[PDB]
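Comments concern the structure below.
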Amino acid sequence: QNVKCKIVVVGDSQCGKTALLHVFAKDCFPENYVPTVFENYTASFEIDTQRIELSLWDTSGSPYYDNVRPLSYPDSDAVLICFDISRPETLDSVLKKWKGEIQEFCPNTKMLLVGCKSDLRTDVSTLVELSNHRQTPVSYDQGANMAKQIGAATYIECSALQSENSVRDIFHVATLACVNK
Amino acid sequence: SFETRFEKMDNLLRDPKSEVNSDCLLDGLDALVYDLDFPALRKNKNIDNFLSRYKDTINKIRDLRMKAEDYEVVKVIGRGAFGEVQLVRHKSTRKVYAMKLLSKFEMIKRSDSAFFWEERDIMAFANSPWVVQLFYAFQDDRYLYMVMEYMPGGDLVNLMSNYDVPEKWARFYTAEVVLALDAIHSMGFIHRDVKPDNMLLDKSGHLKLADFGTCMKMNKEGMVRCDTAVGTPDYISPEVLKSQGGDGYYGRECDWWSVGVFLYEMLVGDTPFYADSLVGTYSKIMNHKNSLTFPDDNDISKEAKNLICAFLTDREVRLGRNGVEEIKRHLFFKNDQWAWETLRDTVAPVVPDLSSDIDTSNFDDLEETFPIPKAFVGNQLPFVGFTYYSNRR
Ligand SMILES: Nc1nc2c(ncn2[C@@H]2O[C@H](COP(=O)(O)OP(=O)(O)OP(=O)(O)O)[C@@H](O)[C@H]2O)c(=O)[nH]1
Ligand SMILES: Nc1ncnc2c1ncn2[C@@H]1O[C@H](COP(=O)(O)OP(=O)(O)NP(=O)(O)O)[C@@H](O)[C@H]1O
Ligand SMILES: [Mg+2]
Ligand SMILES: [Mg+2]
């Protein structure tokens with residue numbers, strides 16, 4: 020039987036978790052947002068000639084579910100903590116909540132900071148809006164200078180929306196977090 | 006007709022570039038009588054009353070063909086993948102070459118029973134002053150051997166740690182690489198493992214390359230198809246990387262990127278995509294448009310930071326995409342000190358300090380086996396045709 024690693028995704032609501040697991044495991048971007056809860060995408064990847072089998076877990080970011088989301092951590096191989104690059108609000112949150120809730124249920128499992136919606140960093144609209152709060156989108160450095168402060172293995176970005184490869188380049192990086200072990 | 010038969014034939018036992026020059030047919034048999042000399046196999050009278058036929062000459066022979074202990078050894082100046090590399094003096098010829106050893110058993114376990122044949126061709130046939138000459142290539146039962154001209158200068162890493170490289174210098178060592186690459190491109194190939202660990206220095210101070218495992222003759226149109234990642238991970242191309250499991254298909258812009266990452270390790274001291282993790286140094290590379298960054302230095306000349314950023318970038322944009330020439334033309338190789346066809350002609354930037362025929366001052370210092384064939388394995392197999400000597404005028 021081919022090698023099989025398990026992968027969980029947590030993150031503030033609407034940061035684009037389900038935008039990306041759906042792009043990678045179903046080859047199309049989701050037309051209508053729906054607050055996922057649990058959901059089990061079934062993908063497949065390839066490192067150097069050989070197949071790893073991927074079992075992906077999409078979740079809720081809504082506190083309403085703080086009580087149930089942790090039923091997916093048990094015995095993971097690698098977890099993806101997420102943030103919306105177009106709202107610094109959600110990164111001061113990959114620290115408050117997610118470092119702690121991951122540190123405590125899947126403690127012996129590689130974790131991995133991923134910044135979504137990167138294509139909004141150069142949209143005159145989500146800047147014009149982030150300034151009306153004395154805010155300003157997440158810069159790569161703001162990103163990693165966080166990840167290496169919470170203990171992630173690497174920090175990486177991706178436009179879940181614009182170029183398909185930016186997402187493949189993610190499940191490539193994280194297949195390796197499972198298997199390299 | 007008929008003469009041009011026993012003709013076109015004989016000049017095919019001398020032709021070294023041939024699959025069957027005498028030295029290879031030897032290599033053949035020798036490696037077979039190794040794979041039948043078993044009690045297990047001789048219960049069959051074919052093997053037994055044939056290996057009987059050839060005992061008293063198969064011995065008389067391994068006795069002659071450049072056997073391994075024809076060389077006594079000095080220091081060992083390199084361990085690596087499959088076994089080590091030692092500085093040897095020929096017990097008879099008194100000449101000093103630099104022998105590469107390949108662990109046969111461990112080379113079929115790691116399932117790489119042929120990654121070297123291009124390193125045989127290249128090293129022995131690309132007569133070049135950029136390439137490390139392959140003088141003799143012989144095998145025995147347990148290992149392989151490649152006797153190479155010795156390079157007393159050391160790798161480029163021995164340098165970057167013992168000096169604090171200036172731009173005057175990074176102009177030199179770089180453009181001497183650029184040349185030794187457009188060498189290996191127009192010799193037909195592509196390197197792929199391009200690091201300071203693989204750059205050596207002749208006693209003259211100038212440069213040569215060795216290690217050609219990774220190489221690969223380009224197809225008709227100049228590209229290559231390959232779904233496996235290759236080379237050290239600091240210097241790895243982004244195309245060669247994201248190929249690991251995928252329709253990977255790259256040209257030679259993948260040696261070029263590797264060079265920018267080197268013009269960087271030289272002028273800043275650390276690599277541009279460093280990170281704690283095997284997987285962490287891969288994610289810095291992926292996000293290159295965003296993760297590449299020079300420290301609080303503007304003494305990095307405008308047009309050097311500016312070259313680094315022309316190599317370190319997407320492949321369709323990458324400098325050298327449209328000619329090995331637009332590289333030699335960079336505003337960064339301006340100098341009253343030379344133009345190009347005279348480079349390895351000039352005088353080194355740092356010239357090796359050697360005491361004797363074999364001073365390894367620039368170098369630092371450093378038995379498993381097989382399973383007895385039940386039936387017939389065929390182990391010693393695609394290790395045949397590998398022998399090659401010199402004699403050829
Ligand atoms: N530009 C851009 N927009 C995105 C991206 N990802 C998601 N979006 C938009 O943002 C909305 C949020 O996406 P989802 O991933 O489905 O929501 P979620 O992150 O799963 O939030 P949950 O309810 O907690 O599951 C989607 O309707 C998309 O329209 C992205 O990568 N780039
Ligand atoms: N012809 C030579 N003359 C002097 N030193 C050499 C020569 N060939 C190899 N070396 C030394 O051996 C080291 C590595 O050589 P190499 O045979 O390429 O090992 P390797 O198995 O390729 N390592 P890896 O990159 O993991 O595959 C170099 O850094 C040199 O220091
Ligand atoms: Mg959702
Ligand atoms: Mg090496």
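Protein chains in written order, with UniProt numbering: chain E, 20 to 200; chain L, 6 to 371, 378 to 404.
All C-beta atoms, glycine included, are put in the ideal place defined by N, C-alpha and C.
Query	Result
Measuring only the C-alpha atoms, how far is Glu120(E) from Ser95(E)?	14 Å
Would you say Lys247(L) reaches chain E, if we count a Cβ-Cβ gap shorter than 8 Å as a contact?	yes
Does the Cβ of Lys45(E) lie closer than 7 Å to at least one heavy atom of ligand 1?	no
Give me the DSSP bridge partner(s) of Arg84(L).	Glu89(L)
Anything in chain A within Cβ reach of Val284(L), meaning under 9 Å, just list it in chain order.	Of the protein chains in this structure, namely E and L, none is chain A.
Please report the distance separating the alpha-carbon of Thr37(E) from that of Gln181(E).	15 Å
Among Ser32(E), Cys135(E), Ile26(E), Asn127(E), which residue has its Cα nearest to the Cα of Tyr52(E)?	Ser32(E)
Going residue by residue through the region 144-179 of chain L, where are the continuous beta strand (DSSP E) segments of at least 3 residues, counting only ones entirely within it?	148-154
In chain order, what are the residue ranges of uninterrupted beta strand (DSSP E) at least 3 long that sit wholly in the region 114-164 of chain E?	130-135
Look up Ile63(L) in the DSSP assignment and say whether it is helix, strand or coil.	helix
How big is the Cα-Cα spacing for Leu139(E) and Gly35(E)?	12 Å
Note down the Cα distance separating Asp216(L) from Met165(L), rounded to an integer number of angstroms.	20 Å
Mind listing the chain L neighbours of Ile66(E)? Cutoff is C-beta to C-beta under 7 Å, in chain order.	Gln249, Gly250
With a Cβ-Cβ cutoff of 8 Å, do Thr128(E) and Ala97(E) count as a contact?	yes
Hey, is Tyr279(L)'s beta-carbon within less than 8 Å of any beta-carbon in chain E?	no
Taking a contact to mean a Cβ-Cβ separation below 8 Å, would you say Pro54(E) touches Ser91(E) in this structure?	no
In the DSSP assignment, find the unbroken beta strand (DSSP E) run with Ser108(L) in it and report its ends.	101-108
Please report the distance separating the alpha-carbon of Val329(L) from that of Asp252(L).	26 Å
Cβ of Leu110(E) versus every heavy atom of ligand 1: is any distance shorter than 7 Å?	no
From what residue to what residue does the alpha helix (DSSP H) around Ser182(E) run?	Neither: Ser182(E) is in no alpha helix (DSSP H) and is coded neither H nor E.
Can you give me the C-alpha to C-alpha distance between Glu74(L) and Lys80(L), rounded to a whole angstrom?	15 Å
Assign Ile383(L) to one of two classes, buried (16 or more other C-beta atoms within 10 Å of its C-beta) or exposed (fewer than that).	exposed
Can you check whether the CB of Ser81(E) is closer than 8 Å to the CB of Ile26(E)?	no
Can you tell which of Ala172(E), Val29(E), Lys116(E) has its C-alpha closest to the C-alpha of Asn199(E)?	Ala172(E)
Using the C-alpha atoms, what's the distance from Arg58(L) back to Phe43(L)?	15 Å
Secondary structure at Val182(L), three-state DSSP: helix, strand or coil?	helix
Given that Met291(L) touches chain E, what residues does it touch there, using C-beta distances under 7 Å?	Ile175, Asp188, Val192
I want to check one thing, is the minimum distance from the CB of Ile82(L) to the heavy atoms of ligand 2 below 7 Å?	yes
Measure the C-alpha to C-alpha separation of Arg125(L) and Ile113(L) and round it to an integer number of angstroms.	18 Å
Which residues in the same chain have their Cβ closer than 8 Å to the Cβ of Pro354(L), if we skip the five residues on either side of it in sequence?	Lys173, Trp174, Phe177, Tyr178, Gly210
Taking 7 Å as the line, does the beta carbon of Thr173(E) fall inside it for any heavy atom of ligand 2?	no
My understanding is that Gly159(L) touches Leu214(L), with C-beta atoms under 8 Å, so please give their C-beta distance in whole angstroms.	No, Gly159(L) and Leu214(L) are not in contact; Cβ-Cβ is about 14 Å, not under 8 Å.
Which word fits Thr109(E), buried or exposed, when buried means at least 16 other C-beta atoms lie within 10 angstroms of its C-beta?	buried
Give the range of the alpha helix (DSSP H) segment to which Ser27(L) is assigned.	27-38
Closest by CA to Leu348(L), which one among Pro134(L), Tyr102(L), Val38(L), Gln91(L)?	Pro134(L)
With DSSP collapsed to three states, give me the class of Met128(L).	helix
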